[PDB]
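Protein chains in written order, with the UniProt record's numbering: chain E, 144 to 180, 196 to 231, 259 to 288, 293 to 316, 318 to 616, 623 to 648, 659 to 678; chain V, 1 to 289, 295 to 393, 709 to 743, 749 to 770, 785 to 1015, 1025 to 1115, 1125 to 1140; chain G, 30 to 117, 121 to 162, 165 to 221, 225 to 437, 455 to 474, 484 to 622.
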Amino acid sequence: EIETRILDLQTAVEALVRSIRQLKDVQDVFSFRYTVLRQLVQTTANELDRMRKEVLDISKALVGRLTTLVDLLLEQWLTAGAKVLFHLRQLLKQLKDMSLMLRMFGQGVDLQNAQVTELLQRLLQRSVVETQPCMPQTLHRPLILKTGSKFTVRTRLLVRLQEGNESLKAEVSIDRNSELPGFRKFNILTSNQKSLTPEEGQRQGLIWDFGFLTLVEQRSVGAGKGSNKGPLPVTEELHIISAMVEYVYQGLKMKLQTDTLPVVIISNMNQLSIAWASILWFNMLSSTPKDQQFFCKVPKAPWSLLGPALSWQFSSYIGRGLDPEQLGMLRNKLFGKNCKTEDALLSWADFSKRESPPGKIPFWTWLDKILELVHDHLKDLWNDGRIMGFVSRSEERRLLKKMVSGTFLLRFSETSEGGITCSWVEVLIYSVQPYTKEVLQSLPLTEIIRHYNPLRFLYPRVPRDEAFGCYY
Amino acid sequence: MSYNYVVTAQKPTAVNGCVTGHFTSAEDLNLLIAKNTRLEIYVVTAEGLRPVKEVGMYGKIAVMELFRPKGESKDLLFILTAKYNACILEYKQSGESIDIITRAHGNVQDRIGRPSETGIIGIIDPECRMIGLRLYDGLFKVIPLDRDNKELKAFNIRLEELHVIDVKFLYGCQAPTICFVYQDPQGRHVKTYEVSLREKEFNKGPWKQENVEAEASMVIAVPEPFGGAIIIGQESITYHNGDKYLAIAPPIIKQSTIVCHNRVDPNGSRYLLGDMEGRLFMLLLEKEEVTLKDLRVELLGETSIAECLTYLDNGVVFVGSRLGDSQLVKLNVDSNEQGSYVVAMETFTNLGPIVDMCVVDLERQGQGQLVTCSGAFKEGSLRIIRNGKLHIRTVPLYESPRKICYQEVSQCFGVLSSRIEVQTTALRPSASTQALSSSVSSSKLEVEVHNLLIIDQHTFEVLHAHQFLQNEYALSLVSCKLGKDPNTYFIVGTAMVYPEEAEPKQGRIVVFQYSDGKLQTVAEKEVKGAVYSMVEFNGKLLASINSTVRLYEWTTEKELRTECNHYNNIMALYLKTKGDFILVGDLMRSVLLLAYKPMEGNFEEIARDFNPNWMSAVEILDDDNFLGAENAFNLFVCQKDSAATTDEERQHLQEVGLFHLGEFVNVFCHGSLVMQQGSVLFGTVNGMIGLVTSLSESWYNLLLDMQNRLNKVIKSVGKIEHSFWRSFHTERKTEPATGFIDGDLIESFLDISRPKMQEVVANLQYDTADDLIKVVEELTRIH
Amino acid sequence: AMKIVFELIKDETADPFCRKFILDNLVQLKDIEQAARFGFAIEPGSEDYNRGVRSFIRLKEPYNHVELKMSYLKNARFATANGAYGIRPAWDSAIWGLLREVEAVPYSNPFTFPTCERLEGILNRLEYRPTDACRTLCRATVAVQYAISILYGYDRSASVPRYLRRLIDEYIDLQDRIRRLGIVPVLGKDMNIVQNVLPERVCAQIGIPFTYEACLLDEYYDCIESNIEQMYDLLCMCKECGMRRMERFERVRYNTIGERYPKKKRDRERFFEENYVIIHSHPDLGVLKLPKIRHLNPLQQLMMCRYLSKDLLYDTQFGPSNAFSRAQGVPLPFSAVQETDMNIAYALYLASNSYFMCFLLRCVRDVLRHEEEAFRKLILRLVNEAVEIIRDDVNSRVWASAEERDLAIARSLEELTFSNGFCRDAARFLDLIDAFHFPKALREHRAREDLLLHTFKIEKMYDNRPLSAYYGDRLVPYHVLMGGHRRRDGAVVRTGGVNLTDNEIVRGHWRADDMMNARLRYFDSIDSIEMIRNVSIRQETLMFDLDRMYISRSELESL
Ligand SMILES: [Zn+2]
């Protein structure tokens, strides 16, 4: 019962209110014995004690059932669950005021009320950063900020309840506890507030989209350059952006704190490719929003984690994700063509600084240059599947010896920094010069394949007239 | 629908009030008797009073003032309309013509405020510069008295004291200072306040508050020379020129408290006083060589319970008694057993208050007489009013007249009475002492016990003063046939009300029979508590009691058993049975229509007036139209609305006919003042004999537009709109009268001028001009 | 001696208007020479100080430090004379203060607040700083601003129109308890007589259905008077009610002659109806006609009408110490009556509560009806005399850039209906003030700059403040740090224009009790939120930076 275990809890708590309205009646005549001119005084006293016994017994069973609903965890589950605990505080507040006339009974409601406010402080904090902090200028590299520019972040909670007319004002604080040596200070120089109207909360949700958040170039008060650029560089420094959530509902003053994921803030725009490599290396080995000392110690990640991590740079950016056939050549270009193991612990320094043979190009600079050239000319030949993508010369020269003659393929050149190249077999496999984006600017590769005839059947047998027919 | 013609046969004779002074001239004294709906000017002559003209007014006079302001030769009459409309009146003459004009005009009605049950106190300051009006408890309205002020406007001064007993002015002082007795839970006391028109507030007066008795009520103003304030409570008569205390406490005053007073001497040495019994008193102020030296009292004989006294010339005092007839009393030097230094100079007639009456034509053959039970106690007299035209035969009973019915087996008049006896030796010689036979009731199941005193029709002598037991008080009396016996039994609903109990729990309805001079008892039917007015339903005795309305069946074995059990009623104060419809008049449930069913045995609730109005008198005209009177002087005729849609609204009586009357109806009757389409008569307290004539549909439209076109032509003194006045004083709804024809206005056309007749008949062409002059004479020939 | 140096943060960017106020009222410190007048003798022994940082400023003279942010200057405009809806002004600053006390109220009796009678006595006491003809137009706004926080303030803390809505919901729950008498065994034909008192049968006796409007007319109370007395003669017979039974029995007999009842009965007691009380707060209302309730002790009746005349029984219902009132009874105390059981007496007790709650429902309704007319009397009289003063200012300005804007807006305030309906007329009245171009001598720009000077402890315009402004002025610095009451203009009240109508006050907004659970609670300690610091600062304590130090303009002129 993923959707029924919440609706039945509404009438379950309301069933106790059906006996509370009748309990007040027995409590009213009990107080009527004040200054009576007396055998019925003791009769109502013992009757009220037995009538207040089943009220506290069944209420304890509903407490344990509400705790199991939170341990299961989508948004609609805590919607109706929060309204149950909200109206529950209305029947115990009037019962505590009515038990002050010597009812033993006043202490029985305090132990049950303490568990209500304790569970409310557990589910509210548990309830999240939907929209990750990303800049509008970033294309497919989120979690990257810049000094002087603005960014947005949404800490929307699953709860969809708000007060009648109370605007839940919340704030976003950046760089308040992450002032450790190696981290720079960045403070918003403009309003960091969010006026959450009740209307947009009871029907949409507690959306706290903090927008227009500027940044300043500042350092630590007492230690500037060197201290903040030592253990952690500008491109590799983590900054946790806190968010003080203030939720008020019938005197329930709570000041939550939903910490977002650590981001990297740079002081320039040319260092966007290097700063993005530090983010991918952080969200791969772990996924914790609180981290201070992560890049101080050199990490070692195997190839099992770099597989699906690199596929997000083409699936979201262009469209087609990295197939397992493309990931087979990235391991050989970093460790060796005759590699047999897969648990090779790759360090962080060997990801953007170690050159890749035989091209003598670093791994990060080679992949970044590939996605840049194909995003302006090869965008229509990647998504549909006209090319295979990253294919090394060791594996390309093996499959061509088992096919027929006259067929050609389109892969990526490894001797250059990227671009496009062609190869065919007539046994002998030919090769052409790698064409960069400068050649495709005056004329794309669509007319090059047609008007060239060695090119006939595109991998494997697709005629050059049917594959590139829609691009003419 | 419901169209009725309300016309009066006789003008109200009860003296509501009187004020004397030089109204017409500067040397001619004039007694302006301010009665109900009229103000009559009387020239003080050697023969007494000389009427010149009676100027009619809209309703009663709340405040009457006859004062001459600085720089005036004619008394400025001040009349306050009952709808709180103030207007300054001025006497005007142009050749011995009575034409009172109007100096100023302005309404003083307030939307909110608790009305003073004691009364609206209207007084004028000795300097004649402001108007002291006490409209509500704690709300004083003062109107600036200016020579060039035509719009009367009164500002609200929040009197600090919420409730006050009596407000007066300090005569003798050179400032606008007042002397008023306020009412507090800690005790009533007197205080002085200054009405300064420059600050529009009350200010500390000459002296501080004074500790008086906790019973002091009437406040008598001390004239200019003496100075100070005389306050008479239940007994003590205190004097307060300044912080001086001169209180005399005559034991005789303790019993009969002082109600009215009169200033004989302008100095203030001789101040005539009036108690609640009629005994004439007179204070003796001697100026100590101005401070008072001593204070004495004397007895000047007993009169009819008075209300307003005015001093005339040559030692003449007008006794404006409301209970009983008013007599001009001339102060003389004569002395007798009671030391009455007064004589009865003149005697005027009075008809109210009419407690009960009936139309009997035994020797009248039509044109039945009106046996009005006027007056009370010693003034209780059966004025035999008979049309010739109206001859009045006073029958003094010296006892309070209660209920009177018609007996056709002995040609007499059975009248209930409650004489007053000091706790029990008698005080006044009532008709019981002058009766022929006296006996007490058989069964047993200061003081005013009920006694049955049957009086003859021709001899006017009490044949049998059959009194009842101690603590036995009757409330109803039925002298009609009961069952198959044609003898008019005397079903008297008496009650054993003990002086120690607080709720009615014991009672005994006895039945008697008058047989040739003998009051012989039949049987008795003890009940629980006090019963109300009952009317025999087709002979069958229909009981009233209080909340339970029953129907006692008369058998042949001398036994009266109940047969109904109606509990919906709360009070049967005004129970009437007509045909099959049983109309019970409740105080709060108003009109309730019932219907007896022999197959069931209970009165079924069919119609009920939805308005919760306080009833005063009911009357059944037809089977669908029923006239009802309210305590706020308003008439209303409801129609049977039992043919609607929803079953809930079918039990609601639709009130369409609505009228603004003005008089308080106490009892209804059936008859006319002409021998051999309306014969509805009723007796009022003010003494107005009224006739309701059920007009037809063709005759209602003939006077509908005629009355509306006459309100803008014939106006009263003050340019007051007639239709505006014709509005109800009902708290629930203040509305103009709808569905009735005011006879008073129609009467004005008989004595109207000749050219004024064409101004109201030219806009009507009955299928006209001269026809409207002849058809109005038939409306006055029926009484 | 005991100086104070502020510190302004660079947050909230830079506005062109804020730069003129700071340059003309604040001085930014840089090095040590510009701050040597306050005793800033820094010894260069501190490590952080020597590291090029301005930290560890050594001070010979102790002072006070304020962490001021620019955000607080943007909020200052909502804390000045012209704040939420205040008038633009020497005494106008103190006017805004006392006006916030009327709005920010936890549970104080709404009757204690100044009503129309005393408000006028203060209207002529307002003072202004530089024309004389323009002072009447500025003062003509506070006469209607008092009704914005009460009359026009629907669903807000301690308000008269919003208090009616709570009485309707409480009257419905009260009738549900009296119909549960028979249902609940603990609480023959006795269970059917109580059902007649319910409004389901009372409204049927007149001809109107049972809705949420029949319990507000004056004719409805006349029908319930007959059903109350019917429970006192059948269900009860105690010696207390028995005395009043003989009074109504002899009253109908004294009416046969047309006379009243003199002082004859000596064993009579002070009944509840003959209680002469009046609301001291209300200028003029008249003696209240108290109902003829019984079953009350003579010592408990005097204390009931004491609070009625003063606080109309509000504290025992909504306010402080409300738990002790439920032990005895908010509408009527738990009295004892003989010849009745604990269930018999309980029935007639709930019927007497509805007889008093319905009577009190018409009292609070009528008191505001009279007040809506009392406020309309001074409003209609003010617009008749304020339009004449501004008319003479136009003729004098013509005979002698803001001349044509006066005659075009002087006739726009004459087309208002001023009656309901009347709620939309007040929204367009404040719009004419913004269209009137004030001269440079008296604008809002200067008023805001002057506000900050009064907030500091080195400058003060007025020392004495009214009692209402005594607690009200504590809310001015509150808004500067965090503005609780934001700009409440005409536009916002237009959308929720709940006119003073029986079919609008009860209906309309129904789910407004959620914010009231935290509204009153918040106002309890809202008068103690003032950002101020007075701790002494030593050489190595409270170390900040010299460049961030800010001082007022009046501080440099005093040295
Ligand atoms: Zn009782």
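For each residue, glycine too, the CB sits at the ideal point set by N, CA and C.
Partners in chain G for residue i, counting only beta-carbon separations shorter than 8 angstroms
i	result
E:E353	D577, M578 and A581
Residue i, enclosing alpha helix (DSSP H) - first and last residue
i	result
E:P323	Run containing E:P323: none in the alpha helix (DSSP H); it sits in the beta strand (DSSP E), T321 to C324.
E:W493	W493 to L500
G:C260	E256 to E266
G:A174	Neither: G:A174 is in no alpha helix (DSSP H) and is coded neither H nor E.
Residue range of the beta strand (DSSP E) that includes residue i
i	result
V:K864	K857 to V866
E:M286	Premise fails: E:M286 is in no beta strand (DSSP E) and is neither H nor E.
G:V424	No beta strand (DSSP E) contains G:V424, which is instead part of the alpha helix (DSSP H) from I381 to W436.
Proximal chain G residues relative to residue i, where beta-carbon distance stays under 7 angstroms
i	result
E:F175	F371, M379 and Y383
E:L198	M379
Neighbour flag for residue i against chain V, beta carbons, 8 angstroms
i	result
G:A360	no
G:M341	no
G:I212	no
Under the three-state DSSP convention, the category residue i falls into
i	result
G:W123	coil
V:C363	coil
V:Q10	strand
E:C529	coil
V:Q796	coil
E:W466	helix
V:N1056	helix
V:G325	strand
Chain G within 8 angstroms of residue i, Cβ atoms only
i	result
E:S417	no
residue 256 of chain E	Any structural detail on residue 256 of chain E is unavailable, because chain E resumes at 259 straight after 231.
V:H163	yes
E:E515	no
E:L370	no
E:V305	no
V:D28	no
Contact set between residue i and chain V, taken where Cβ atoms lie within less than 7 angstroms
i	result
G:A241	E987
Listed by chain order, chain G residues near residue i by CB distance under 9 angstroms
i	result
V:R1080	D255, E256 and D259
Proximal residues of chain V, C-beta to C-beta of residue i below 9 angstroms
i	result
G:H407	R111 and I112
Min CB distance residue i to chain E below 8 angstroms
i	result
G:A364	yes
G:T604	no
G:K39	yes
(message) Taking 6 angstroms as the limit, name every residue whose beta carbon sits nearer than that to some heavy atom of ligand 1, in sequence order.
(response) For ligand 1, residues qualifying as neighbours are G:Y269, G:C273, G:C275, G:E277, G:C278, G:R331, G:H332 and G:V374, where qualification means a beta carbon closer than 6 angstroms to at least one of its heavy atoms (chain order).
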